[PDB]
Amino acid sequence: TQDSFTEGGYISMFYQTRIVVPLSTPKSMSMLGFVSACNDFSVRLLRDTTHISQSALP
Amino acid sequence: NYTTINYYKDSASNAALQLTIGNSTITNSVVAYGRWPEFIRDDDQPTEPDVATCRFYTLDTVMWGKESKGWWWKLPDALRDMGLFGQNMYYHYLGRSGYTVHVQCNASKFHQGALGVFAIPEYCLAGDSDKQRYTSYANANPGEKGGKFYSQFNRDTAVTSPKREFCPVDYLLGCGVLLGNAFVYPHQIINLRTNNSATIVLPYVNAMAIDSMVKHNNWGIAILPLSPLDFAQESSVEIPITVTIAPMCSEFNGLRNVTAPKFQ
Amino acid sequence: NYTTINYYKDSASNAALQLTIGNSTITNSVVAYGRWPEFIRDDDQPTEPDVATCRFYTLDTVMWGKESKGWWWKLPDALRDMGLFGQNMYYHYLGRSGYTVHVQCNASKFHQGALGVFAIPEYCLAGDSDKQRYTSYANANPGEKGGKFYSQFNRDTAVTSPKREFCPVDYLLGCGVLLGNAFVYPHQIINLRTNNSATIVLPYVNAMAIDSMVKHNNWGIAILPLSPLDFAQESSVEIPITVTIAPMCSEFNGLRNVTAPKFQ
Amino acid sequence: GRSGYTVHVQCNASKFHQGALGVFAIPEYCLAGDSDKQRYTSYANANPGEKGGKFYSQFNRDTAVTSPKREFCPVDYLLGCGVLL
Amino acid sequence: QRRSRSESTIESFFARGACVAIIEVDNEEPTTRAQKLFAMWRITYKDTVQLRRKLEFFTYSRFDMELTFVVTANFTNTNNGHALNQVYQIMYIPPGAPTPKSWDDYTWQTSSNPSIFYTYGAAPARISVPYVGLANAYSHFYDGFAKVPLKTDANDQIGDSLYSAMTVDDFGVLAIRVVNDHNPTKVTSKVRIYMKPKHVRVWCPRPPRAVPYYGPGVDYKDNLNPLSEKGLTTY
Amino acid sequence: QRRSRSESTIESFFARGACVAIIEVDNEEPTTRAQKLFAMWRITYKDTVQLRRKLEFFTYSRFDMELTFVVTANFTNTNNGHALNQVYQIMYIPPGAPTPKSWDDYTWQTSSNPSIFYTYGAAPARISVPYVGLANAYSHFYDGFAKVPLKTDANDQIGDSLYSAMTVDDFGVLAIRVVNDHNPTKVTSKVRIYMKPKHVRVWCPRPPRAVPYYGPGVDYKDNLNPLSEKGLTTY
Ligand SMILES: Cc1cc(CCCOc2c(C)cc(-c3noc(C(F)(F)F)n3)cc2C)on1
Ligand SMILES: Cc1cc(CCCOc2c(C)cc(-c3noc(C(F)(F)F)n3)cc2C)on1
Ligand SMILES: N[C@@H](CCC(=O)N[C@@H](CS)C(=O)NCC(=O)O)C(=O)O
């Protein structure tokens, strides 16, 4: 959960150089991102999630 | 250590390049779950056309433009009318097979775009009406043509003559899950700036060693544009996409008269 | 003997002279808890200025008279603006260090008085208002100047612009405990008739192997006059007290841009 | 103080561009002034820092005795030190 | 030491009891109009959403089950008298077995069907069940039908069937009644069923549900905008 | 023999149950106005003063916990009827998990959150908990903040935080409800929680509190004159 006592840091991106294209080429493009965990990852203290709810029983 | 003795007699009570196949040749690949297709193990004589059915069949080409939202197919439904494979399907009660899927799309160095190809086991899609699980057999088995995705949910507000058709949504993958996690399934990415083709090898996956090929589809193939197509400063761009599928290690059993489903 | 068998799989369920450092030299010492400062054990490459940060820094001199009630400082807060030690503190996210504290106070044979120096881990002080834990960061980190004790609790009766400052009390040690028991902490006594200086060596103490040096202070230093100062039959007497602190076995990690706290 | 260095120069273009850059590392790189007075350059002007300086295609004498600039006047084809490039 | 993954295992992930059924049963004088003297519940895990979402992380599964029953009773009126402690009967009816039509019919003899008799005020009831799947594993998702229409069929309803369904009746039902006769005062009771998988194996991981469930299938109707707003260059 | 120090050990010093929480829960007909149909208690040992004072003898600690629950119920009126035995549900909600907004919302399915069902009149409930500290030991005293204000901050409230506090939410909460429906007569109940440390290790002994506590911190407000009068030369 969100907590200042256990904040993790920040991730940022910047242009080192600019994007250069020749003529007869698109000047705009798209970029995609992915995230994953490594082999040194662990979790603790199972608990219920907030991403699913219910209001009535069938 | 702590002492424990099980009292009850029941366990439940206990506390817890060129690829050539047959007479076909196509000039890195991905193997789903790291399992190559194989025949049934040692644990009614099955019929097995070694080469009359294990070969590459090419489907109808589709067109990718600036407004395309995606395509989907179901296997073994898409190959129901391909040579002797379909005849064996409809002449037998039980069938089994793996697949090799090859997606082809070529462009130039001045084009840009990315396609995501996903192989999904037990790919169940959502309907287009308030009624639940009301989709019809004919609409759920398009065949070679396949279907398409949509950017929004269009409810079929017609009780007089309901269509009974799927209404997949691109960003929900047509099943109520976010598209970004679809990479959990076996997948490939075709980026026009690096490659032009994709290949996947699918073994037989099911809760049973063998099952009917007519009333149950084992695999689904979904192709979606992750990045829009573009070319120079042109308003309209269209390029072809082709799909070629090869059955592998196919077995059939339960020979009787032929089955003729009513497709419309 | 009595028989016992543990049933559950979980453990919780089970039933229960001259000292020279770097380029500094000062001409018996006390080691807190009998533990010398040391680097992190074997169980991101840390940065370690061997001599650019492990040396004696002298704070501002204070004056002891007949009405002084005491002084207090916080570490590593007091050294935030001392050479490259502060730069390393503010250029890194994690820091660790031990300390050597030296208190100097000289007088004549005709003076009399006694000082008590106490090193306190996690020295938390009380506020000056009905609101609880309302003290501000700026007031809780005075720096080199430090703070002073008081003989009574002066409530800040101003809701328009609360001061948000500590209100330590001498006989309560500023934390609600009797001063007489403060000798439980590492301590030294400077009696003018026997000696003129005190020395303490503090290792790194915390619940974590390494922690931020900006938002958390590991040590507190408190100096209190146990016996009042006097000299012959003079009405007014004042003598200087000096404090010198040397970091020892200091490590830093997490290099990024520099941190600039707003101190008023 | 003492130290060595690793210098990395980055410049990217396309296949339809053309040009060539020469990077030179010079020990004891002493530059010439911009006035008749000799060795009159100031410390501040001789240590620009991160910004650095620039070369020129000709020698522009500083004809101002009231308030001399005391700045370098390097020349490209003389390398700023009286030797051929 | 180094950190371990003991609690992230499948067994640890499913080592908790989850409610799947709340059933109402009443004890009162029988009358002509409808009553709740006995209740019948169809066995399934899709009534709720937590255990369903946890299970739907995978396509295939194989496990045994542990069931626990918690019973809570109360009065309704205060001018009819009092009641003595009641006994509840819970009977499992597999497919094909006869079903009760009254609270005191012959079907309650339970000569072959297993049954539990629970006394109010005692510890919650508990039983265990093995893996009873017809196939080699349970199928949380089934892309297909149970019938295939044929060109020679007389009408279109011969081959019509629901999409993504195997059997009309699966795993049978549970019938709950109050054995005691009716006191002059009505008494209501609720039975809560908690299910815990054990000895769990899973296959073919699947992305989790992101929008509210709508029926036993994968259909979605409302609330198709789960993600919130945020700045591209905002930390 | 010679005298021993067996009972002065840390384990013996903390081998007793101490009350930390008294929680009120009512069963009655739901209405528009505020009610106590379900209660939520934030976990902490600072509500009382005995165990707190015993623990604050040291700066750092590391231990497991044993929790016991004692439930006592009573009536309020005498002209509404009677009630049947009630069942109480106690659920542990860690930080980040959804919290109930009503006594019968979906959150009580407890698919992953541990829960205890207690039947009135039985033995007091009991459970055990391991050491769940993020760091290597619990910190009874923390001289610092969770945020540091910066010169570049837009306003002064960005970096403002309470002194001597680590996390806004620590150890989660406990939610207690009565599972049974409402009888015509209201019934009140109190749950008392008793805590016993086990497998205790401590570090950095500290002088004990000498003046009354005032809030979670070390602040003092009143009664700053604990010692009494006595003669210098009086035995
Ligand atoms: C997947 C999956 C698995 C299941 C449930 C399978 C188990 O079904 C039951 C249940 C819930 C109870 C009994 C049962 N046996 O005995 C009793 C009784 F004694 F309590 F009546 N109930 C038997 C089966 C097969 O549902 N979906
Ligand atoms: C120091 C210190 C230590 C603590 C308490 C830590 C333990 O917190 C709990 C408690 C009190 C109960 C449970 C708990 N687990 O299960 C249950 C339930 F089942 F009873 F609901 N309660 C879990 C934790 C982490 O607080 N301060
Ligand atoms: N408050 C409604 C809903 C009650 C209900 O059954 N709620 C479901 C979720 S919609 C539930 O699981 N409640 C918790 C429980 O009673 O176990 C009612 O009393 O009818």
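By convention in this document, chain letters (A, B, ...) are assigned in the order of the sequence lines, proteins followed by strands, and residues within each chain are numbered from 1. Because only heavy atoms are used, hydrogens play no part in the values below, and waters and symmetry mates are left out as well, while side chains stay in.
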Engaged part of E/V129 at the chain B interface, taking heavy atoms whose separation is under 4.5 Å: backbone
Can a donor-acceptor pair be found between the side chains of E/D219 and E/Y213 at a distance below 3.5 Å? no
Interface residue of largest heavy-atom contact number with chain E, from B/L178, B/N181, B/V177, under 4.5 Å: B/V177
Is it the case that E/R177 places NZ or CZ above or below the six-membered ring of E/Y88, under 6.0 angstrom from the centre and within 45 degrees of the axis? no
Interchain contact, E/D160 with chain B, by part (heavy-atom threshold 4.5 Å): side chain
Counting the benzene-type ring for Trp, do E/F69 and E/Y118 have ring centres under 6.0 Å apart? no
Of B/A140, B/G180, B/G176, the largest count of non-hydrogen pairs under 4.5 angstrom with chain E goes to B/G176
Does any backbone or side-chain atom of E/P212 lie under 4.5 Å from a heavy atom of chain B? Answer side chain, backbone, both or neither. neither
Side-chain heavy atoms of B/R80 within contact of B/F263, under 4.5 Å: yes
In terms of heavy-atom pairs under 4.5 Å, which option from E/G159, E/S139, E/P205 contacts chain B the most? E/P205
d(B/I245 CD1, B/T100 OG1) to nearest 0.5 Å is 10.0 Å
Angle between ring planes, E/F171 versus E/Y138, binned at 30° and 60°: parallel, tilted or perpendicular? perpendicular
Closest approach of B/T53 to B/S250 (non-hydrogen atoms, all atoms of both residues): OG1-OG, 3.2 Å
Can you tell whether the side chains of E/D153 and B/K262 come within less than 4.0 Å, N to carboxylate O? no
Which atoms of E/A15 are under 4.5 Å from chain B, going by heavy atoms: the side chain, the backbone, both sets, or neither? neither
Only one of B/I223, B/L125, B/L224 clears side-chain contact (heavy atoms from CB on, under 4.5 Å) with B/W72; which? B/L125
Among E/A137, E/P149, E/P226, E/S161, who wins on heavy-atom pairs under 4.5 Å with chain B? E/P149
As an exercise: rank E/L227, E/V218, E/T152, E/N136 by heavy-atom pairs under 4.5 Å with chain B and give me the winner. E/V218
Side chains of E/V191 and E/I22: closer than 4.5 Å at any heavy-atom pair? no
So do the side chains of E/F63 and E/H199 get within less than 4.5 Å of each other, counting heavy atoms only? no
Under a 4.5 Å heavy-atom criterion, the part of residues 199-221 of chain B in contact with chain E comprises B/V205, B/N206, B/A207, B/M208, B/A209, B/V214, B/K215, B/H216, B/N217
What residues of residues 84-92 of chain B sit under 4.5 Å from chain E when only non-hydrogen atoms are counted? none
Is any side-chain heavy atom of E/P124 closer than 4.5 Å to one of E/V71? no
Counting only heavy atoms closer than 4.5 Å, note whether E/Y60 contacts chain B via side chain, backbone, both or neither. side chain
Interatomic spacing from CZ in E/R206 to SG in B/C175 - rounded to 0.5 Å: 7.0 Å
Measure E/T59 against the heavy atoms of chain B and call it side chain, backbone, both or neither at under 4.5 Å. side chain
Quick check on B/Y8 against chain E: is it the side chain, the backbone, both or neither that has a heavy atom closer than 4.5 Å? neither
Given that the side chain runs from C-beta out, which part of E/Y214 has a heavy atom under 4.5 Å from chain B: side chain, backbone, both or neither? both
Honestly, the part of E/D64 sitting under 4.5 Å from a heavy atom of chain B is side chain
Report the option among E/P130, E/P208, E/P216 that has the most heavy-atom pairs separated by less than 4.5 Å from atoms of chain B. E/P216
From B/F149 CZ over to B/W71 CH2, what is the distance, rounded to the nearest 0.5 angstrom? 10.5 Å
Point-to-point distance, once rounded to the nearest 0.5 Å, from CG of E/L67 to OG of E/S128: 8.0 Å
Note, B/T157 side chain near B/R155 side chain (heavy atom, < 4.5 Å): yes
Take E/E66 and E/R126 through the test salt bridge (charged side-chain N to carboxylate O under 4.0 Å, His left out) and record every step on the way to the result. CA-CA 7 Å; E/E66 191 188 43; E/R126 172 173 280 177; 3.5 Å; yes
Charged tip of E/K54 within 45° of E/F13 ring normal and under 6.0 Å: yes
Cut-off 4.5 Å, heavy atoms of chain E, and the answer for B/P168 is backbone
Do E/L51 and E/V20 have side chains that approach each other closer than 4.5 Å (heavy atoms only, starting at C-beta)? yes
B/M82 and B/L59: which non-hydrogen atoms are nearest, and at how many Å? CE-CD2, 3.8 Å
Part of E/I127 lying under 4.5 Å from any heavy atom of chain B: neither
Residue list, side chain to side chain contact (heavy atoms under 4.5 Å, CB included) with B/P225, at least two apart or on another chain: B/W64, B/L115
Between E/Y131, E/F141, E/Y220, E/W203, which shows the greatest number of heavy-atom pairs under 4.5 Å with chain B? E/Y220
Please lay out, stage by stage, how E/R52 and E/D47 fare under the test salt bridge (charged side-chain N to carboxylate O under 4.0 Å, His left out). CA-CA 8 Å; E/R52 182 183 180 179; E/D47 288 0; over 6 Å; no
Listed by residue number, which members of residues 126-139 of chain B have a heavy atom under 4.5 Å from any heavy atom of chain E? B/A126, B/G127, B/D130, B/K131, B/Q132, B/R133, B/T135, B/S136, B/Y137
